[PDB]
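Comments concern the structure below.
Throughout, a chain's letter reflects where its sequence line sits, starting with A, and its residues are numbered from 1. Both counts, for ligands and for their atoms, begin at 1 and track the order of listing.
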Amino acid sequence: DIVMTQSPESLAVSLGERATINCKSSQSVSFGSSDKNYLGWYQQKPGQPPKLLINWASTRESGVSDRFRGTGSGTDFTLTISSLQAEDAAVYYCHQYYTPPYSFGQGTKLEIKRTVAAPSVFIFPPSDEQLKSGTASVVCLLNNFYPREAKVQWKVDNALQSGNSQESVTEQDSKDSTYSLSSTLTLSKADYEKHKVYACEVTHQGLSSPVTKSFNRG
Amino acid sequence: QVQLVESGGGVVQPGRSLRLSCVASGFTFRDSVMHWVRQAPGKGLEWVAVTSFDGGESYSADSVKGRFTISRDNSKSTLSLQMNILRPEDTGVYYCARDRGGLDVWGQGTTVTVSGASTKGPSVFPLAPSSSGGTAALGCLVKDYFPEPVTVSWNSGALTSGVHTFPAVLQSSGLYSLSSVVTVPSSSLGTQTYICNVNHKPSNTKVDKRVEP
Amino acid sequence: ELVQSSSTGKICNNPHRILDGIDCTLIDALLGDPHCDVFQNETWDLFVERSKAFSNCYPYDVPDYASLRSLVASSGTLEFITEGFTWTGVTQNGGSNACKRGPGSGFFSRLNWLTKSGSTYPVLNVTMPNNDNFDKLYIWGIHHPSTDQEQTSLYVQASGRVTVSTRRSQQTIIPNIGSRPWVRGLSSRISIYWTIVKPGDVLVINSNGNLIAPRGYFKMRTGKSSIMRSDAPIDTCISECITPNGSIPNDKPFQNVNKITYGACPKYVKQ
Ligand SMILES: *[C@@H]1O[C@H](CO)[C@@H](O[C@@H]2O[C@H](CO)[C@@H](O[C@@H]3O[C@H](CO)[C@@H](O)[C@H](O)[C@@H]3O)[C@H](O)[C@H]2NC(C)=O)[C@H](O)[C@H]1NC(C)=O
Ligand SMILES: *[C@@H]1O[C@H](CO)[C@@H](O)[C@H](O)[C@H]1NC(C)=O
Ligand SMILES: *[C@@H]1O[C@H](CO)[C@@H](O)[C@H](O)[C@H]1NC(C)=O
């Protein structure tokens with residue numbers, strides 16, 4: 001069964017520079033030793049169906065800009081976006097339709113590169129209302145930062161936490177190009193009152209050294 | 001114009017079945033190979049199935065073989081996906097797509113949620129501001145609802161700049177939970193009152209919560 | 001007691017002549033898929049089909065695939081004798097790069113793909129008597145083009161038709177023009193059919209388009225050969241009784257192991 005492997009998974013490109021996504025198939029997707037290559041490229045933006053950009057490895061679909069180009073023949077394939085524009089920020093996918101089962105590459109997130117930006121860090125203890133309901137959520141907020149790679153660690157009286165927190169990230173901001181992240185540590189009310197110090201520790205490139213927000217009274 | 005419209009999605013309990021349908025327009029449907037592709041929340045595209053011009057040859061992915069059946073009805077220009085013994089990992093948006101080699105036309109999709117969770121509205125807890133520099137963070141934790149989606153606004157739409165409403169996470173209870181935060185001048189906390197407006201129509205839930213310091 | 005409830009998980013290569021089709025099905029070997037040509041003229045007591053077998057030629061279906069399979073499998077041979085068909089007025093030996101035989105295009109070895117010569121394709125009327133003392137098995141096919149344009153480019157006639165007759169059989173097929181899912185790059189298909197000609201009978205073929213022609217016949221025998229789907233490795237040891245699970249002892253009167261068996265076996269007994 002032919003497997004598609006895209007590369008990189010994540011890509012940051014400055015406005016007006018060139019982007020290059022690589023796709024490899026585990027077996028050849030060319031007809032003979034012909035130039036017929038059963039390979040499509042797609043662009044997909046949040047909340048929308050994909051859009052076929054390039055067909056048969058190299059043929060630009062109608063209405064697709066000059067800036068998009070594809071090549072390759074056999075197993076190794078390349079997509080190019082030459083003068084990157086903000087509208088290009090999206091996930092890209094390759095796709096083999098040589099023989100079933102057909103399959104997609106895993107996707108490549110192309111985002112706009114900006115300069116480094118350190119997260120503002122905030123912490124929020126459980127509300128009174130939530131504690132009456134028998135649960136306790138502690139929220140850590142990472143605001144308006146770049147790049148996306150951010151390590152958020154929960155500590156509970158200095159014990160590093162695992163498997164009781166969840167995080168999610170906004171889309172890249174439309175005008176300042178930063179990200180925001182929120183992580184939610186969730187406990188029982190009972191286990192919550194066991195400990196005193198609830199800490200959020202944030203590691204990011206734009207921080208001199210790991211930043212920590214924390215509070216008391218659990 | 002050239003158009004595909006999918007339908008039949010919903011919340012369905014695991015092990016149950018449901019049938020998806022796609023209606024084609026503006027082209028000779030009967031002469032086109034047709035596909036189903038799907039996409040789980042936050043995940044990449046996954047090819048599902050394909051069928052020839054007459055429904056005489058089909059193929060399906062090994063993740064659905066034995067359980068999903070694709071068929072068409074050329075007299076109604078209707079592609080179909082019969083889904084049996086559904087499992088939570090089958091949750092996703094399902095597209096019908098026309099073959100032109102590389103899949104050049106796609107519907108908007110229909111959403112399938114396979115889960116045992118019962119419909120439930122959210123609780124809205126305040127994230128109150130406290131003790132960066134002249135800028136206060138406040139927010140709303142919209143916790144434990146099913147299913148998606150929820151909407152959040154601040155002061156009835158009047159407060160938009162600096163608002164971040166995050167993608168929900170699916171916790172291990174089967175329920176969803178998200179937060180919505182806004183940053184504001186720390187000077188206007190005793191001045192300006194901040195309400196988040198949450199709305200969860202699947203459960204007929206509409207909640208206003210004051211967030212004060 | 002005396003139901004045999006275990007097998008070894010391996011298939012002994014003795015006393016029965018075991019033929020492994022690593023990568024090849026019996027039908028694919030019969031047709032002559034290029035990666036299966038090592039099997040030309042091979043014989044066997046038991047043919048062993050693997051779940052890693054794949055087709056790598058022109059996409060095709062066999063109506064009544066199971067019956068063709070079991071009759072070849074029980075005959076025990078792929079003895080192919082090439083016969084001198086005359087295909088007047090057509091181009092022979094058509095190939096496709098979805099089926100390479102090395103560098104250039106190829107096709108199934110035991111089939112002859114006919115197309116127009118010039119811009120005419122005549123009504124072929126061919127005969128082949130069977131003057132031998134044995135049954136002749138003929139394999140042939142019909143091409144299903146994707147589009148009307150491909151139909152007319154290859155065979156001139158907008159609609160083709162194949163008719164194969166004996167005095168004990170009649171097979172008339174019209175192609176089914178239409179687009180199929182991409183398989184190894186092709187939207188078209190071939191359908192495979194077969195015809196047994198008893199001694200003193202005569203094969204009659206009539207076609208005005210889309211004929212995939214035979215090249216000769218397979219020598220039919222009447223055997224205790226068969227076929228089996230198994231992924232058990234083949235070991236050099238001795239066992240009279242074989243199951244898809246592997247070899248079993250045959251001293252106990254019964255066996256729980258598999259309803260499919262080959263060789264002198266104890267009886268399956270439902271547990
Ligand atoms: C001989 O080889 C065959 C194939 O590997 C084995 O037969 C298979 O035996 C398994 C073991 O019980 C059966 O699995 C069961 O199937 C049911 C649904 O029918 C399902 O609830 C489970 O998956 C369960 O494991 C399976 O049905 C059966 N296959 C067939 C086609 O009948 C057999 O175990 C091997 N040797 C023996 C029995 O000594
Ligand atoms: C196959 O067997 C027949 C009959 O014995 C023989 O005439 C023919 O040449 C053989 N072909 C090959 C390739 O061995
Ligand atoms: C082909 O030859 C046979 C031989 O007798 C004859 O009966 C038959 O009618 C011929 N077919 C055509 C179309 O002439």
- prompt: Is the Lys NZ or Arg CZ of C:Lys198 less than 6.0 Å from the centre of C:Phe134's six-membered ring, within 45° of the axis?
  reply: no
- line: C:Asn41 heavy atoms within 4.0 Å reach ligand 2 at atoms 1 (C), 2 (O), 3 (C), 8 (C), 10 (C), 11 (N), 12 (C), 14 (O)
field: Salt-bridge contact C:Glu1-C:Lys252 (side-chain N to carboxylate O under 4.0 Å)
entry: no
- request: For the residue pair C:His143 and C:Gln151, confirm or rule out a side-chain donor-acceptor distance under 3.5 Å.
  value: no
statement: When distances are taken from atom 5 (O) of ligand 2, the protein heavy atom at minimum range is C:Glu79 OE1, 4.2 Å
field: Closer than 4.0 Å: a protein non-hydrogen atom to atom 9 (O) of ligand 2
entry: no
- request: Determine, for C:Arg168 against C:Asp201, whether the closest basic-nitrogen to carboxylate-oxygen distance falls under 4.0 angstrom.
  value: no
query: Does the protein place any heavy atom closer than 4.0 Å to atom 8 (C) of ligand 1?
result: no
Closest candidate by heavy atom, reference atom 2 (O) of ligand 3, pool C:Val202, C:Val126, C:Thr163, C:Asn125: C:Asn125
query: Of all the non-hydrogen atoms in the protein, which one sits nearest to atom 7 (O) of ligand 2, and at what distance?
result: C:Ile81 CG1, 4.9 Å
message: Quiz question for you: does at least one protein heavy atom lie closer than 4.0 Å to atom 27 (O) of ligand 1?
response: no
message: As a test of the contact definition, would atom 37 (C) of ligand 1 count as having a protein heavy-atom neighbour under 4.0 Å?
response: yes
message: Using ring centroids (six-membered ring only for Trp), state whether C:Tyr58 and C:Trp113 fall under 6.0 Å.
response: yes
- request: Can you sort out which atoms of ligand 3 are near C:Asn206, meaning under 4.0 Å from one of its heavy atoms?
  value: 13 (C)
- request: Determine, counting only non-hydrogen atoms of the protein, whether one lies under 4.0 angstrom from atom 16 (O) of ligand 1.
  value: no
message: Could you check whether any side-chain N or O of A:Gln96 sits under 3.5 Å from a backbone N or O of A:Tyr98, counting only pairs where one atom can act as donor and the other as acceptor?
response: yes
task: Report yes if the side chains of C:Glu150 and C:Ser188 come closer than 4.5 Å at any heavy-atom pair, otherwise no.
output: yes
task: Please check if a non-hydrogen protein atom sits closer than 4.0 Å to atom 24 (C) of ligand 1.
output: no
Salt-bridge criterion met for C:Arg17 and C:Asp45 (N-O under 4.0 Å): no
query: Please state which protein non-hydrogen atom is closest to atom 2 (O) of ligand 1 and give its distance, to 0.1 Å?
result: C:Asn245 ND2, 2.3 Å
message: Suppose I only count heavy atoms of C:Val257 and a 4.0 Å limit; which atoms of ligand 1 are within that range?
response: 1 (C), 35 (C), 36 (N), 37 (C), 38 (C), 39 (O)
query: Just to confirm, does any protein heavy atom lie below 4.0 Å from atom 13 (C) of ligand 3?
result: yes
field: Close aromatic pair by centroid cut-off 6.0 Å: B:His35 and B:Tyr95
entry: no
